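Shown below, as structure tokens, is a lone chain in the form deposited in one PDB entry; questions about how it binds or moves come after it.
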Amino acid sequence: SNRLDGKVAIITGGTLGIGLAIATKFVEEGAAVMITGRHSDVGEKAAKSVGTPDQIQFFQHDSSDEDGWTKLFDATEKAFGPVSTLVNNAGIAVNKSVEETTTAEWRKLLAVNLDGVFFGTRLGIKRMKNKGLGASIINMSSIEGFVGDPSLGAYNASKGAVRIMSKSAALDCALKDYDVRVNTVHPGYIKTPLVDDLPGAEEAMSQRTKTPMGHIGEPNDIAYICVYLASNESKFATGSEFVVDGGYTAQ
């Protein structure tokens, strides 16, 4: 289909789940991809599973590591040429209400879910602007960027932050004619091995009072909207929020 002909993408947290599905579909559509993750055993196997080194490689990185972002961009460009596309997908969760969140939990979650997305967005603008690449920054979020969950307080803070920060970046890039778009993607519940590892989680998420479709999604649901946003098909979309949630936020 070649919908991402010539694109060079970084996908943070690309070795598992949603990130891995995005990476897989990006390679299928002609993009060269650098996936990141915390563990080199998982990451090297993930890249080889998707394609050859001319298509996809792994780079070990914690998205909260500001200095490592520079090496990540350098390694990606050395492998594949100038980066056109950044998917800020790496994220973690803390299962606590605001009331029950420790300051250590707060700082750990914000380091990945907010600081890391800031570091990637800021550096991506600088490295991606003014190169005629049709550059696109896709900031992964979730339904928790729109609605509260009583037991995801810090997570809610991080997703609301990325939702509105992304609009600021989108506007600055558009007003300055940078040729960089910035958008957010908001999955509802998505089946991954990690959800499968939590007894009863999918069953609770599939209740009609949570997901009206009565089931949860799959990683390719998020990969397909990310192909659209990375592609030049979405060249007029910037500062927007794309929800794929089985009806969660419609009620």
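The first residue of the sequence shown is number 1, and the count goes up from there.
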* To do: Take the C-alpha B-factors listed in the entry for 211-219 and for 44-52, compute each mean, and give the stretch with the larger one.
  => 44-52
* In the PDB record, does 70-78 or 119-127 carry the higher mean Cα temperature factor? -> 70-78
* Asked: Going by the entry, which of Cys173, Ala157, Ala93, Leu86 has the most elevated CA B factor?
  -> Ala93
* Structure fact -> Among the modelled residues of its chain, the C-alpha B-factor of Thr184 falls in the third labelled lowest
* Ordered by C-alpha B-factor within the chain, which third holds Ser141? Give me lowest, middle or highest, please. => highest
* Structure fact -> The third of the chain into which the C-alpha temperature factor of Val112 falls is the middle
* **Lowest, middle or highest third - CA B-factor, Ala135** => middle
* Structure fact -> Among the modelled residues of its chain, the C-alpha B-factor of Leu152 falls in the third labelled middle
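The same protein also exists as the form deposited with a small molecule bound; that form is not shown, yet it is the one meant from here on.
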* Is there a non-hydrogen atom of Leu152 within 4.5 angstroms of a non-hydrogen atom of the small molecule in the entry with it bound? -> yes
* Asked: Is there a heavy atom of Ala93 lying 4.5 Å or less from a heavy atom of the small molecule in the entry with it bound?
  -> yes
* Asked: So, in the entry with it bound, is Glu144 in contact with the small molecule at a 4.5 angstroms heavy atom limit?
  -> yes
* To do: Counting only non-hydrogen atoms, choose the one of 144-152, 98-106, 167-175, 74-82 that falls within 4.5 Å of the small molecule in the entry with it bound.
  => 144-152
